[PDB]
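Two versions of one and the same chain are coming, encoded as structure tokens; call them structure 1 and structure 2.
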Structure 1
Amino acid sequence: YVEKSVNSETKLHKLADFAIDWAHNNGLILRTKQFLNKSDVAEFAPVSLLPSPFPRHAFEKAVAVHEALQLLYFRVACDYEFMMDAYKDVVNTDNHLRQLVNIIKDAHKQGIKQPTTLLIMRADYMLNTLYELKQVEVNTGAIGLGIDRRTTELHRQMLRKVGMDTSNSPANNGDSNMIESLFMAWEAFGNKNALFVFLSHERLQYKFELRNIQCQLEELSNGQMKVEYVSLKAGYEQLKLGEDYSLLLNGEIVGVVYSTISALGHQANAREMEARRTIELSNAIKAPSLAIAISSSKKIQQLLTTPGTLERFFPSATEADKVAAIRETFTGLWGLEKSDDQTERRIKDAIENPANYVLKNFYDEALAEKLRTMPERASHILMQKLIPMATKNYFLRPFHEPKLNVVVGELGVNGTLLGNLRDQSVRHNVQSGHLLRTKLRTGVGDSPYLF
């Protein structure tokens, strides 16, 4: 439909020019690459011109499973023994992970000072044509929900400009749930003079998004919430543990620490690591806690696909629907350290039908040859090959002429969960917000047009 809708270069440029102005007028913006430390100039956030086609059934399935998925990862994060078991080996050959695990060990040894925590999740999916919905990533660490909403809103404007029906563009209000969840977390701390802290880099494209969150939180609190920004580097000097286990930022009590510095992604130096430790040992409500953040590493994602493992976290028969709904979104994955029957027959099928698999990258005849003659097995993993649905769209990026390209995407589904780490109870578990991230076959922001 995108190619049919845009029938000339004149129309393309009128549409793009409207879109770019709309983006700036409505906060669909980022700091520039030249000045990631300054807000004096902004550029529009890179987006598709129109919302990419996406099947309704796959979308509704991804949305429907999300709350169950958040409950799963919350329970994983609460299961100290499972997490320590999952990390036993990789800690000995990854110093960064070792330090993070040691902070969780220190926090657990001293007893949980703050039971309330806020999980924030984006689950990523792709549409396999070799359509079926397949989970490809879970992110519980540093999570642009305002940008996603504004992208949906831009796309409705653009749909009207080409005479298309906007009812197939689904509602996208993830930022409202986020703000409410963060406000609820701050109220739960029980001190109206306690700070709300954005743990964040000095260099960041998304500063405008964070400021929007600040303004909304200040409005919700009727001006009572004091908001501050600090990095882990600056935090080494400015953050301290009080004698009552309060987190003190330059001597003032911190009620909530909302992190946009990825626990797994950011290679922190020794000082940054100590600042992280100070935060984790404090009684501040963490959004998210470190355990929540590392509950969704690739290792744990893989472990959760093994036989019987979902059932450990959903032991009751009343939750069998949640198990089935999550499992049917799993990508086929078979670690070759195991020599059980299901893995062995899988190896044989991959040798005979190598076009259907990937070995980790080996493909087709090379994959088959490697499986035939590899002794080496424990480090390799066999997976189902995924072929994404292709469509066509125009990308808007600052100073790039828009062109029609063949594109593929991933669906992101967002939500929050507010829970108690001591008894594993859940006060709030909501799916809200989504996005498409679209690339040529980093890519651009996008939103679904349901069919």
Structure 2
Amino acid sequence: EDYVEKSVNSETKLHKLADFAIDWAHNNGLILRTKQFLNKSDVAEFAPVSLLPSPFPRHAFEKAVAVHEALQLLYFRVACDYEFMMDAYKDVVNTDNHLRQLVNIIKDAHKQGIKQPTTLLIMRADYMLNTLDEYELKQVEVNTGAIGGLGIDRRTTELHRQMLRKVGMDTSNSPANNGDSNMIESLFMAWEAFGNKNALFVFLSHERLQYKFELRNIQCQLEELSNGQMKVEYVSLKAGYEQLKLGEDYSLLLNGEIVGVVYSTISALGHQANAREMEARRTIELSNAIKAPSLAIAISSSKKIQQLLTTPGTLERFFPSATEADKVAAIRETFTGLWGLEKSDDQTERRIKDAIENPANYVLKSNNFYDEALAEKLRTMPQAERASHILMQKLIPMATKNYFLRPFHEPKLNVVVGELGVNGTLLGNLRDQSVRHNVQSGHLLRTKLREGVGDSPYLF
């Protein structure tokens, strides 16, 4: 399919469609704070997006959506398996102080005993298409720890349905995208589970952020759902050092008030936190607040754990019963090759040799090098760094054409590639590993120049 080129047949049509889309974005809240004023909402720009929804195979979309609940159950169980988590991090700990401080928080939480059984896992699974013209769906990453912008994603779908109508195309191949509703319902469900209507709901978030309008949408809808009863607050880890305390009953206290939910948009793995920020993370973690997500759930989505999960028998540790072989198989077929660099087997040294000699087949990742950069990193890597890196099979994605809409850039025709993101939530119990609500809801396309922007799939 190259319907985008077929549907946009002049510069006059390009500007008429772009102009409409930009105004639509502002009118429907598909917006971010400007880079110039990340601390201020006085002005806002539209979220960067494709002009039309990028073609995506229907089979691959259906596969990715279908496996998500089982994928969420997997990572929930991984997070709950203390012995597995400590073993996966035993080497990485010695070379990386950020990950050491985080694992020590989890160690301290485990030895004090868990004070709050209810937790909310929030996951995005990312996939690319890999070429065989037929394509297989393969998983690139899993993200737990800080998931947001689901309102941006829905609005992007809605925009694309409008754009499809404008160029005379059927909108039934644009799938429904209501993740933001699940986010809010799940967050509200978590707030009720705390069992104290005077307990605060806290957005653990940066002061300077593009996504502030998105968080405000969650706030308004949470307040509506609680009939004005839920008090909401915003705090960063920097400010949390002074403002968050652990009460003598293990309550989380924000300026002395009980907090019932901490919804993190500050990634535990992604955000390089200083010593004051880690002490706030610790305080949160040792408290009886429902965490969305808990630290153990946040750090379960590292590249090392992604790699370990591909080793035979490892998936079966979390799904031991023959009744769950269908989940194991469905997850396994979305994996491509991943390998660790830690040990001195002959299997690993041959893998390293293969990648040095044939680097176009690989991507080298830390907790990203390509081609001769990859071969050189492998040649010159110190003994210590081996454990903080994994080898992954290189995926060759489907290429299409599309226009990008970005603040203050003329749109033009680019060759582009998509990355499919599938979102969901799981509300669970850490003590007995039961599940109250495990759903897939919401998706996106992230589209880049091949040689990026928000996008949504048009299924074929």
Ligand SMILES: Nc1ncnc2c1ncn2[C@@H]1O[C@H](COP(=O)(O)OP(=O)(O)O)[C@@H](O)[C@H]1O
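The term rigid core refers to the most C-alpha atoms you can superpose between the two forms while keeping them within 1.5 Å. When a residue number appears, read it as a position in the sequence of structure 1, where counting begins at 1.
Only structure 2 is derived from the form deposited with this ligand bound.
Here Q224 and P398 end up in one rigid part once the change between the two structures is broken into two. Note on conformational change between the two structures: the chain splits into two rigid parts whose relative rotation, smaller against larger from C-alpha fits, is 34 degrees. Structural comparison between the two structures after rigid-core fitting shows the C-alpha of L382 displaced 5.0 Å.
Its Cα shifted by 3.8 Å between the two structures, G335 is reported here after superposition on the rigid core.
The shift recorded for the CA atom of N353 between the two structures is 8.3 Å, with superposition on the rigid core.
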